[PDB]
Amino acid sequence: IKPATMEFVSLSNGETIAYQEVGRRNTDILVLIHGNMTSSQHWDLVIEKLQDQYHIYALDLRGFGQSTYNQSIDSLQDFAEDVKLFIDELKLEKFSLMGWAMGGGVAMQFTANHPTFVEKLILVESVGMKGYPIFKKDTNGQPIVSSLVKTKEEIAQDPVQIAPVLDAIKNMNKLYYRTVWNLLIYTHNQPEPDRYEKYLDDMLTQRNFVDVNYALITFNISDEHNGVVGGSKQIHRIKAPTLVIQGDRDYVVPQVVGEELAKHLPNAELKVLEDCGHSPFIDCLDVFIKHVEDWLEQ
């Protein structure tokens, strides 16, 4: 149930990034970016399927997994800049890039900012181009959908979405995370028990939950205001061939989100996965891997 053995690289901004590196004798490089509540350990199933063919780097973003969190982040662009410093340290010149959920936002932001490095981009249940808002909660714990959270301080005060996660982290409460993930992600299929335990241990390594939520409500690469922040228009700079993967029953990132990404990206194809939620790795790995291999090999 232990995590994978990790490598470490210190960046010029004073962080130390932990990362898995496998398939070191393959030629084509693939870089993997996890999402919220996870580190690179959640890529294990994809790493097992792809490492016989790809040189894979799967990193723990700052404040996740075994990476440091010496300075806080406040935007997904901060994560993208770490990835830039990372690949600079490792002399990577050309790679394919795949991001999951919040990691798709990071991957989009990286690709818009560093076009000469990204051959292919794959977005897996990515956050949308106007981010992911948080609402105030009523007395039943339900969103008040005309009352938007806009600051880090409000996020810290949320008693349903945020505070129980922080308490679970401080109390090593795995049962909390199991209940949440079973309700919203593992609704039809669960990882195998040993793998799920590793995943739950992985969730407890997060040290930046409030900051990441703030970065998500202010993420906006569209042409329009999202109700919180103006849009950077940078989605128009994502010229890499992009595959947008979207599950048909993703309860965290609904299908309309992937459809809008494929509409607004310059060079994108959309594949909606049948009988698939927020984790294609658990719901339909072999179909997912087939799509990824076809994209990368094109």
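Don't overthink the numbering: it's just position in the shown sequence, from 1.
> Take the C-alpha B-factors listed in the entry for 162 to 170 and for 109 to 117, compute each mean, and give the stretch with the larger one.
So the stretch with the higher mean C-alpha B-factor is 162 to 170.
> Averaged over C-alpha atoms, is the B-factor higher for 27 to 35 or for 267 to 275 in this PDB entry?
Result: 267 to 275.
> Compare the CA B factors listed in the entry for 259, 52, 60, 44 and report the winner.
Top of the list by C-alpha B-factor: 52.
> Given 90, 123, 127, 212, identify the residue with the highest C-alpha B factor in the PDB entry.
Reading the PDB entry, the winner on C-alpha B-factor is 90.
> Which third, lowest, middle or highest, does the CA B-factor of residue 255 fall in along this chain?
Highest third - that is where residue 255 ends up once the chain's C-alpha B-factors are sorted.
> Consider only the C-alpha atoms of the modelled residues in this chain, order them by B-factor as the entry records it, and name the third containing residue 132: lowest, middle or highest.
Ranked within chain, residue 132 CA B lands in the highest tercile.
> What third of its chain's C-alpha B-factors does residue 224 belong to: lowest, middle or highest?
Its C-alpha B-factor belongs to the highest third of this chain's values.
> Once the chain's modelled residues are ordered by C-alpha B factor and cut into thirds, is residue 178 in the lowest, middle or highest one?
It belongs to the middle third of the chain when residues are ordered by C-alpha B-factor.
> So where's residue 17 on the chain's Cα temperature factor ranking, which third?
As the PDB entry reports it, the C-alpha B-factor of residue 17 lands in the lowest third of its chain.
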